[PDB]
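In what follows, a structure is listed as structure tokens, so that the remarks can point back to it.
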Amino acid sequence: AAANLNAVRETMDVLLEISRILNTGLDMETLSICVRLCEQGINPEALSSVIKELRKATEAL
Amino acid sequence: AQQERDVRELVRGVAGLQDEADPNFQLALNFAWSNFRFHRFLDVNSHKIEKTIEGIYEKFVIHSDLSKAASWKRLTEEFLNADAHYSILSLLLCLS
């Protein structure tokens, strides 16, 4: 119903605050991307590895 | 299908490459996917994630950051109610 989007809105906001306490550097837009990839079964350590290298080679460009 | 769009957005977003017709976009994308398909990690251990979460809570308490400890416990408790919970948390822990 319409009550599932407020639920997802609440969890995404909990997650973003968790993400901020941990100082991950993620914004809400990229955090949502990460959630969907994890739900689809991308290994989180693979995803962490990818994100860290895509950062390491962008301030360098 | 939406996976593939998500990986492209992840590259644009994280690597700051907004033009898919940049060879550097495609090189970053090939690297991301090749990384994803090189299975080399054990699957996420939920018990180990839970121990780490509880460890972060102790550290906040030890340093008398009460408003952060209470926040930490409140958010993680709320989140951990409705496998992907621990995979998401593992990613955030890895990015800390």
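Cβ sites come from the backbone with ideal geometry, for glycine too, and all protein chains shown count toward neighbours. Each value in this text was obtained by applying a stated rule to the coordinates, not by laboratory testing.
Along the positive direction of the dipole of chain A (beta-carbon charges: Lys, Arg +1; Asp, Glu -1; about the Cα centre), which of A:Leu31, A:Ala3, A:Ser48 reaches farthest?
A:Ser48
What number in nm² do you get for region A:4-48 if you take the convex hull of its Cα atoms and divide its surface by four?
Reported value for the Cα convex hull: 3.2 nm².
What size of dipole, in debye to the nearest 20, comes out for chain A about its Cα centre when the only charges are +1 on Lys and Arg C-beta atoms and -1 on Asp and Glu C-beta atoms?
100 debye
Which translational diffusion coefficient, to the nearest whole µm²/s, is obtained for region B:46-95 from the Stokes-Einstein equation, given a Kirkwood hydrodynamic radius over C-alpha pairs, 37 °C and 0.692 mPa s?
Estimated via Stokes-Einstein, D reaches 291 µm²/s.
Would you please give the FRET efficiency between B:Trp33 and B:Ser64, computed as 1/(1 + (r/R0)^6) with r the Cβ-Cβ distance and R0 = 41 Å, to the nearest 0.05?
0.35
Evaluate the charge dipole of the protein assembly as shown about its Cα centre and quote only its size in Debye, nearest 20, assuming +1 on the Cβ of each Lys and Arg and -1 on the Cβ of each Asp and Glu.
Charge dipole, the protein assembly as shown, about its Cα centre: 320 debye, nearest 20.
For every helix of n ≥ 4 consecutive DSSP H residues, a contribution of -39,500 (n - 2.57) applies; sum these over the protein assembly as shown, divide by its total residues, and give [θ] at 222 nm rounded to the nearest 500 deg cm²/dmol.
Only helices count here, giving -24000 deg cm²/dmol.
Could you tally the net charge around B:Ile56, taking each other residue with its Cβ under 15 Å from the Cβ of B:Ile56, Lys/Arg +1 and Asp/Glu -1?
Summing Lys/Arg as +1 and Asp/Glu as -1 gives +1.
Please list the equivalent ellipsoid semi-axes of the protein assembly as shown, computed as the square roots of five times the alpha-carbon gyration tensor eigenvalues, in descending order and whole angstrom.
28, 17, 16
Over chain B, what portion of Cα pair distances is larger than 23 Å, expressed as a whole percent?
Pairs farther apart than 23 Å: 46 percent.
Can you find, among B:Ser90, B:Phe41, B:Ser64, the residue farthest towards the positive end of the dipole of chain B? Put +1 on the C-beta of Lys and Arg, -1 on that of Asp and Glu.
Positive-end residue among those listed: B:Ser64.
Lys/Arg Cβ at +1, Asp/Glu Cβ at -1, dipole of the protein assembly as shown taken about the Cα centre: which of A:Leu22, B:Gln18, B:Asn30 is farthest positive-ward?
A:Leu22
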